[PDB]
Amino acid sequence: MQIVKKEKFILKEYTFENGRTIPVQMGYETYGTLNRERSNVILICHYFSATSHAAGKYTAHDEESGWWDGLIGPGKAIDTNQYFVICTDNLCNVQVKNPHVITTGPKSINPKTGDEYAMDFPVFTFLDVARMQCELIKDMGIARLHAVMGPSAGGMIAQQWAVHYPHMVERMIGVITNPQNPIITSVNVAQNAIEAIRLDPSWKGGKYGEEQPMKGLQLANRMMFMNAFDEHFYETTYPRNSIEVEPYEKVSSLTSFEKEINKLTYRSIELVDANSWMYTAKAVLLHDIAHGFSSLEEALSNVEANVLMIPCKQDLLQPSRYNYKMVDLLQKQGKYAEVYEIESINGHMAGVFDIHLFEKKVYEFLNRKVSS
């Protein structure tokens, strides 16, 4: 497909769910063509550490394609010959040093003061993201989405669309996600990550400038990486060396696997900002479609979209049992909802790397008609 052009949406003022009001900017990109009646729109929401680059390439010499490139494009499951596909940068995008990212977050200058917001930036939830995207959708004269979809945090944003803009969502597909962030993941990955970043003395109250608290940030990144796959993936990809003697002789002497994983996890945080990681982890920890309602049932009663949940059985971050519970509750309200569970040694990351496992189901779901 065509080289993708990065775009920028501005909002002079946006009011957060907690009442705070500030200007916001938001990168986005689109693939395919918006039809005459604007009825072919699919909105993709990106996961924790990703960006709006769901598909394609910015230049012809890009080493890689966008993170869901296997699903999106001409003749693929999300066929850009039929649909107009949008993807946006989340608020507090963690890759603030990525040259293609356009976001507002703790590194943004506060126009009232000339300085970085830092920890004065407002707490945001994935409802906040949904509402901001919705301003872009309306500004483009679009009234209904044919589908809203995404993996993990992207799936959280998508669930918020389904609950808070019921009229606007024909279909909702939540890959490797859940209606409420599990307690285990909330503490063990979100809370522990926030506290690792704050414990690093280089954090300096959140006023660290460009000198990132890298040790804390690497620790945060490592906790997430070490639950992103099946147990057995680590066992065979970073195998124990039973011969090596140096790790047995000083506490600080690392094993071969520790060094491999150190190198990967340091690499993936080079473009990342620590305060932004914190805010994003806070949004994940707060993720709860039932917040502001008296039960999960009442919140789900708002949903009018057809719903497809695609969990992975080996997913340690997002246990699939809560997909079944949600879908059961939707069906008892007489709504169309299904779970399509996949299996993979990639665990959670199956939702991003193992497209072949569910592309056909996505395709079929996107073509299935919705009750008026």
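Position 1 is the first residue in the sequence shown; the rest follow in order.
TODO: Would you tell me which stretch averages the higher CA B-factor in the PDB entry, 74 to 82 or 228 to 236?
DONE: Taking the mean C-alpha B-factor of 74 to 82 and of 228 to 236, the larger value falls to 74 to 82.
TODO: Could you settle it for me: does 103 to 111 or 280 to 288 have the higher average Cα B factor in the PDB entry?
DONE: That would be 103 to 111.
Task: Candidate residues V251, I176, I197, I184, the one whose C-alpha B factor the record puts highest - done: So the option with the highest C-alpha B-factor is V251.
Task: Record-listed C-alpha B factor of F293: chain third - done: Its C-alpha B-factor belongs to the highest third of this chain's values.
TODO: Sort the modelled residues of this chain by their C-alpha B factor and say whether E210 lands in the lowest, middle or highest third.
DONE: For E210, whose C-alpha B-factor we compare with every modelled residue in the chain, the answer is the middle third.
Open item on the list: When the deposited Cα B-factors of this chain's modelled residues are ordered and cut into thirds, is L329 in the lowest, the middle or the highest one?
Closed with: Bottom third by C-alpha B-factor.
Open item on the list: Taking only the Cα B-factors deposited for this chain, tell me whether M119 sits in the lowest, middle or highest third.
Closed with: Middle third - that is where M119 ends up once the chain's C-alpha B-factors are sorted.
Open item on the list: How does the C-alpha B factor of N192 compare with the rest of the chain: lowest, middle or highest third?
Closed with: Its C-alpha B-factor belongs to the lowest third of this chain's values.
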